[PDB]
Amino acid sequence: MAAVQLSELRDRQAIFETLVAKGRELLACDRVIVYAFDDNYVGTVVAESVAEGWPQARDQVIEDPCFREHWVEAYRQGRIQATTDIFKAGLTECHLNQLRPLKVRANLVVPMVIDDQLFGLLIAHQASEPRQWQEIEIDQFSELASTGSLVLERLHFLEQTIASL
Ligand SMILES: *[C@H](c1[nH]c(/C=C2\NC(=O)C(CC)=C2C)c(C)c1CCC(=O)O)c1[nH]c(C[C@H]2NC(=O)C(C)=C2[C@@H](*)C)c(C)c1CCC(=O)O
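Dropping the structure here:
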């Protein structure tokens with residue numbers, strides 16, 4: 429086919445593991461889910477990490493046209509939402525029944541914007557019990573997640589961006 433080996437390109441699935449691997453390791457979280465955004469405002473769980481006893485996803489599509497719909501522009505500004513006890517935020521119906529089965533007890537959304545575009549979003553959840561992510565923990569999330577954007581940014585464009593370098 430081609431004289432070019434895949435070795436020239438790294439597995440997109442691997443780079444993801446680093447973000448989720450560190451997030452749960454460095455922060456010592458129970459469960460954390462990460463999915464890339466699509467053109468239909470629908471996410472895609474390309475990588476997920478959950479402790480033993482919890483439900484694993486991966487290859488699942490997140491369809492929640494609530495925040496990703498309106499809060500979108502808000503995320504572009506780098507807005508975040510921190511809810512320790514989801515029982516105080518989201519007195520909805522399907523939502524509660526949607527998380528119940530997941531035993532999700534938390535709410536941390538960190539906006540990921542590449543080239544000024546919402547490519548993905550990092551969400552952490554404490555399956556065990558509610559938790560409060562300190563402002564410092566958010567800062568780390570930004571740098572941790574931000575680093576990922578750089579990876580995808582490179583693969584996105586590199587063949588010809590700045591010859592002068
Ligand atoms: C807003 C809303 N949806 C989501 C999506 C998720 N949170 C999760 O933990 C998970 C997977 C484990 C998903 C997926 C978030 C984070 C938010 C915002 C948080 C908030 O402050 O409310 C939202 N969802 C619903 C229920 C309904 N809407 C949907 O998109 C789907 C799908 C539903 C069930 C069929 C509601 C009522 C809201 C709040 C509306 C608003 O304030 O704009």
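Residues in the sequence shown are numbered consecutively from 429, following the deposited numbering.
Where is the CB? At the ideal position from N, CA and C, for every residue including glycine.
Item, Value
"If you reduce the DSSP assignment to three classes, tell me which class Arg459 lands in.", "strand"
"What does the Cβ neighbour count give for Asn535, buried or exposed, with the cut at 16 atoms within 10 Å?", "buried"
"Am I right that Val470 and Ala485 are in contact with their C-beta atoms under 8 Å? What's the rounded C-beta distance?", "The Cβ separation is near 14 Å, so there is no contact."
"May I ask you to report which of helix, strand or coil DSSP gives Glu491?", "coil"
"Compare the beta carbon distance of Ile508 and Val537 with 7 Å and say whether it is the shorter of the two.", "yes"
"Could you give the DSSP three-state label for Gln441: helix, strand or coil?", "helix"
"In this structure, does DSSP put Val541 in helix, strand or coil?", "strand"
"Could you say which of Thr589, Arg582 and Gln588 lies nearest to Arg438 if we only look at CA atoms?", "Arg582"
"Could you have a look at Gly471 and say whether DSSP puts it in helix, strand or coil?", "strand"
"So the candidates are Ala502, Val478, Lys450 and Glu491; which of them puts its Cα closest to the Cα of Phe465?", "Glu491"
"Given this structure, state the Cα-to-Cα distance separating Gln554 from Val432, to the nearest angstrom.", "44 Å"
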